[PDB]
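In what follows, a structure is listed as structure tokens, so that the remarks can point back to it.
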Amino acid sequence: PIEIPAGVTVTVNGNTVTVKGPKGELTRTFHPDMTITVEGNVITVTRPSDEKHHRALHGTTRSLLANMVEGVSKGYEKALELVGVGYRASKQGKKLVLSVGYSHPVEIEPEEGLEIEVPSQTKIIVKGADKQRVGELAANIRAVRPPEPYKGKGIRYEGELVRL
Amino acid sequence: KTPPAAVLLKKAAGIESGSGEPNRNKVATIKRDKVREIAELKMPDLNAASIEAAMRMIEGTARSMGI
Amino acid sequence: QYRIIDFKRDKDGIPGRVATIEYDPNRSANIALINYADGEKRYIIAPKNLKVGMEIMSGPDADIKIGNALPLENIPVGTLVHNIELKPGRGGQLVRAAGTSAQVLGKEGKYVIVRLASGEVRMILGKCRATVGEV
Amino acid sequence: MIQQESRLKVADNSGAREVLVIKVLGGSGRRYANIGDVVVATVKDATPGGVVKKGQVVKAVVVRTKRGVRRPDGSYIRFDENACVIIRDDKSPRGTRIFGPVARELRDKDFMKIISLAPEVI
RNA sequence: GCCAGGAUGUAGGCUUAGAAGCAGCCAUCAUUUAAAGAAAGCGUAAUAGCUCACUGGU
RNA sequence: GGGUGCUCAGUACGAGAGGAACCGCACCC
């Protein structure tokens with residue numbers, strides 16, 4: 001089972017699960033075949049059978065829940081870095097403004113529940129309560145201009161191994 | 001570390017080189033006098049218990065080079 | 001208008017005069033009109049060198065002159081002849097008007113040896129007639 | 001219209017005096033040339049002893065045509081002859097003098113040296 | 001399987017421009033250890049880094 | 001998606017010879 005830490009409220013309605021906490025609120029739907037129940041202080045996942053596909057579904061469902069619980073409790077984040085002369089990021093309102101070698105800048109506005117911080121001109125941090133949504137926005141930012149092979153210029157995840 | 005057993009033994013033995021050891025021993029030298037002395041100086045770096053052990057090792061490096 | 005030619009030459013003794021000499025395309029040869037002293041007219045193949053005005057005669061007493069016709073026996077060896085008769089009084093059947101005149105080579109008894117232009121040699125009866133001249 | 005086998009006067013001092021059009025460049029289907037088009041041609045007449053010779057194949061840009069061109073401003077310009085400029089490959093003339101007036105249409109096709117050397121541009 | 005150790009003399013000697021556990025030649029001891037080769041691979045110019053052997057845990 | 005002209009730029013890059021690329025404009029199909 002998944003332990004429900006303090007301050008965290010878990011709600012289950014059929015195959016949709018809502019988890020709220022200090023760092024945010026996330027709602028997620030799971031595979032119909034899986035039964036999810038809040039057993040007092042822990043979330044339990046029950047698969048219908050012992051075949052393989054179910055055993056695999058069971059562990060996958062469990063992980064997603066664990067991470068949903070980690071996100072709203074332990075406010076999540078993903079960092080990116082700019083590499084290239086003249087390449088810089090700034091915060092203009094809720095908007096991220098990127099100068100990455102195009103004629104004009106690229107402006108990105110996070111959706112509800114997501115924040116983007118720019119602590120230095122070559123570092124971008126995406127944060128929020130939903131680990132998935134954080135992962136997805138950071139992949140979309142990197143995709144504006146991914147690292148080029150000859151010199152490694154572009155946007156890369158903080159620890160991205162991109163050997164020239 | 002201190003001078004390796006090899007160089008210590010070289011300087012002790014009185015030579016500038018090692019060998020083809022089993023066949024051509026490169027020089028002789030006195031143990032209970034010399035091998036012990038080296039065992040003494042090399043001690044801070046030897047994981048030995050007794051000096052007698054400290055020695056067995058030194059004498060053991062002398063074989064590898066033939067002395 | 002193909003003319004009637006006399007290949008018989010039997011008007012013996014009666015003198016004739018070469019009236020004219022004209023071409024006969026039906027004979028590819030020349031023919032002469034002969035006016036005889038008795039009023040009769042006749043055409044003959046005109047030998048070579050025969051001219052208007054010359055007299056013509058036939059028979060044993062004829063003069064040996066081109067155009068004259070006599071029995072082979074009355075003709076001098078070496079003379080050229082044409083319109084040679086093979087049968088006395090049957091007219092000439094050899095060299096009538098085309099070719100090359102034969103030639104008398106010798107006379108023996110009742111025969112006259114003649115060499116045709118083809119090198120061919122024949123012994124014709126002297127009674128047979130022939131015209132002096134070249135055709 | 002200028003097409004294959006059309007004869008063109010040469011408006012430069014390259015040595016060529018007249019060329020005969022072989023083909024109009026620009027893609028399958030092109031058949032007629034007007035100002036600015038490039039043709040492949042054979043030198044029909046040339047000054048003896050020069051750099052360009054009779055029978056040689058050259059590329060030339062059309063700079064004046066009897067057909068003329070209709071312009072965006074409502075004007076229409078034409079010339080009394082069909083002329084071209086050979087060309088080195090960079091569009092510069094091989095000769096050093098240009099004789100007679102040339103059409104301003106040449107300016108649009110980047111024949112700047114010819115336009116500068118021309119006695120007059122109409 | 002996964003977690004953590006895998007160490008000290010010491011870069012053994014010799015040789016080699018370098019030669020450091022891991023070009024090659026001799027050897028291959030001893031220490032502190034639960035255990036841990038004078039090291040079985042990768043790696044380095046040489047170093048470093050990484051694995052492996054052995055040990056603990058689970 | 002494509003044709004064509006152009007621009008990006010003689011910039012980046014390269015010891016030099018040389019010499020882009022990614023971004024973007026226009027007419028047309």
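Please treat every number below as a calculation from the coordinates, not as lab data. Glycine also receives a Cβ, built like all others from the backbone with ideal geometry; neighbour counts cover every protein chain displayed.
Miscellaneous remarks
- For the range B:54-67, a residue qualifies if it is of a type in the set (D, E, K, R) and either within 16 Å of RNA strand F (Cβ to nearest atom) or crowded, with 16+ Cβ neighbours inside 10 Å (or both), and exactly one does: B:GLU59.
- Scanning the range C:115-135 for residues that are part of a loop (DSSP other than H, G, I, E, B) and among the β-branched types (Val, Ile, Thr) yields one hit, C:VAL135.
- Counting the residues of the range A:93-105 that are assigned to a strand (DSSP E or B) and within 21 Å of the chain's Cα centre (by Cα) gives 4.
- Of residues in the range B:1-42 being over 18 Å from B:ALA54 (Cβ atoms) and within 6 Å of RNA strand E (Cβ to nearest atom), the one surrounded by the most Cβ atoms within 10 Å (Cβ to Cβ): B:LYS10
- Of everything in the range A:86-108 that is among the polar types (S, T, N, Q) and within 14 Å of RNA strand F (Cβ to nearest atom), the residue that is nearest to the other protein chains (Cβ to nearest Cβ) is A:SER103.
- Matching entry among A:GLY71, A:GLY59 (being assigned to a helix (DSSP H, G or I), within 16 Å of RNA strand E (Cβ to nearest atom), more than 14 Å from chain D (Cβ to nearest Cβ) and closer than 23 Å to A:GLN132 by Cβ): A:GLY59
- Screening A:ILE108 on (1) more than 19 Å from the chain's Cα centre (by Cα); (2) closer than 30 Å to A:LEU161 by Cα; (3) aliphatic (A, V, I, L, M) shows it passes everything except condition (1).
- Some residue of the range A:140-149 being surrounded by 13 or more Cβ atoms within 10 Å (Cβ to Cβ) and within 13 Å of the chain's Cα centre (by Cα): yes
- The residues of the range A:1-33 that are part of a loop (DSSP other than H, G, I, E, B) and within 23 Å of the chain's Cα centre (by Cα), listed by number, are A:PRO1, A:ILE4, A:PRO5, A:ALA6, A:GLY7, A:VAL8, A:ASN15, A:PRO22, A:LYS23, A:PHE30, A:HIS31.
- Scanning the range A:111-125 for residues that are surrounded by 13 or more Cβ atoms within 10 Å (Cβ to Cβ), part of a strand (DSSP E or B) and over 15 Å from the mean Cα position of the chain (by Cα) yields A:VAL118, A:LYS123.
- Test for B:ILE51: is it in contact with a helix residue (DSSP H, G or I) (Cβ under 6 Å, 6 or more places away or on another chain) and away from RNA strand F (no atom under 16 Å from the Cβ): yes
- Considering the range B:14-39, and only residues there that are in contact with a helix residue (DSSP H, G or I) (Cβ under 7 Å, 6 or more places away or on another chain) and assigned to a helix (DSSP H, G or I), the residue that is nearest to RNA strand F (Cβ to nearest atom) turns out to be B:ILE38.
- Some residue of the range A:54-63 being among the hydrophobic types (A, V, I, L, M, F, W, C) and in contact with a strand residue (DSSP E or B) (Cβ under 7 Å, 6 or more places away or on another chain): no
Okay, residues lined up against (1) over 15 Å from D:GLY15 (Cβ atoms); (2) charged (D, E, K, R); (3) over 14 Å from the mean Cα position of the chain (by Cα):
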| residue | (1), (2), (3) |
| --- | --- |
| D:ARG71 | yes, yes, yes |
| D:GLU81 | yes, yes, no |
| D:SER92 | no, no, no |
| D:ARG104 | yes, yes, no |
| D:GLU120 | yes, yes, yes |
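- In the range D:39-49, the residues that are surrounded by fewer than 18 Cβ atoms within 10 Å (Cβ to Cβ) and closer than 16 Å to D:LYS23 by Cβ: D:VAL40, D:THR42, D:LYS44
- For A:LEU98, the conditions (1) under 21 Å from A:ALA139 (Cα atoms); (2) surrounded by fewer than 16 Cβ atoms within 10 Å (Cβ to Cβ) all hold with the exception of (2).
- In the range D:92-122, of all residues being within 16 Å of RNA strand F (Cβ to nearest atom) and in a loop (DSSP other than H, G, I, E, B), the one that is nearest to D:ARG64 (Cα to Cα) corresponds to D:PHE111.
- Residue ID - nearest to D:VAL10 (Cα to Cα), chosen from residues in the range D:64-91 that are within 16 Å of RNA strand F (Cβ to nearest atom) and crowded, with 16+ Cβ neighbours inside 10 Å: D:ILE87
- C:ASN30 within 16 Å of C:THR131 (Cα to Cα) and in contact with a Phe, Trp or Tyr (Cβ under 7 Å, 6 or more places away or on another chain): yes
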